[PDB]
Structures are given as C-alpha cells and as structure tokens.
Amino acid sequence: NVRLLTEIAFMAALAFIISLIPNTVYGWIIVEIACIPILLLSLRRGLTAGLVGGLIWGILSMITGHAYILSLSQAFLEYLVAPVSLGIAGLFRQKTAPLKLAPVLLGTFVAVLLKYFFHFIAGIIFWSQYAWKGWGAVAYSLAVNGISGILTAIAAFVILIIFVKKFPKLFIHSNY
C-alpha cells in the first residue's frame, strides 16, 4: 500500500522535474525524456500504477503553469490522455526472474507510440495554424509528432538499456 503509492508519487514528481530540462530540437520537435520515469513505473508495477502515474504527471504539468493549453479539449487530450497512455507499458511488466531486455523495449515502443499518436491527433485539430509553408494539417502533425515520438523512443531506449544492465532490480517488484 504505502510502498506502491510512494513509488507512483515519486515517479510522477520526477517526470515533472525532468520536463524542466530544455528538450527542443526545433519548434515542437522535442525529446521527451520526462516520459522515462512513467515508463519505469509502469514496467515495474503494471498497467494501473502507470496509468495513475501519468495522470498525476499530467496534472502537475497543468497546475504549475508548465502545460501548453489551447482549450479544454486540447488539454484533456495532451495532458490527461497522452501521459496516462504511457501506462500501457505495464502490460509488458515482468513478474519473475530473469529480467529480459526485450519486454522493456517493446513496452517502451508501444507506450511512446501511443502517447505520440495522441499528440498527432491533437496536432491536426489544434496546432495546424503553425504548419510549415506548403504543409497540410495531417502532414505537418505527422512530421512533428512522428519525429518527436522517434526521438523520445530513442532516449527512452538508451536510458532503459543502461538501467537494465546496471540496475535490473528496478524492473521486478518483490515483497520481502
């Protein structure tokens, strides 16, 4: 009870602190390293924990003034649904030894793809006034959010491979 809750809370606060690190490549093409703590949380504690972690992270972003909000529905999509959706990594939780790297990677792939799918949808609806010269709404959003999603996946792969090799205990919960 108290262990699980403190972990959800610490991973959400860490996601938020990490989102203060400058992460822009160009305009909205970004490297979203703040996903990582929520991915770690979901992989270790499962679907529900991760969902709740992402929800808390999203709320922190909004209530501290760090979220970019264009409307109620845009905020719902990009700062509730999108961060929550990272919890899908938890379907790839490993409960028993030995820890394999592949599930970690697949979970991450799927979770980051899902998050950036929601950003892609939002890009079409809410951000198309910024589209580059000659680019339609769909094309612009696919580029921006596709690229960000790939870069974010990259960063998550690199960090999580390091954690697997150097801190494998992180990925498997044990009582005792």
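We number the residues from 1 along the sequence you see.
- Item | Of 113-121 and 55-63, the one with larger mean CA B-factor | It is 55-63.
- Message: Going by the mean C-alpha B-factor recorded in the entry, which is higher: 6-14 or 149-157?
- Response: Stretch with the greater average CA B-factor: 6-14.
- Query: Of the choices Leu39, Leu70, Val138, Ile29, which one's C-alpha carries the largest B-factor in the record?
  - Reply: Of the options given, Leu70 has the highest CA B-factor in the PDB entry.
- Task: Check the PDB entry and point out which of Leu86, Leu106, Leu80, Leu99 has the largest C-alpha temperature factor.
- Result: Across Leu86, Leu106, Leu80, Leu99, the entry lists the biggest C-alpha B-factor for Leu99.
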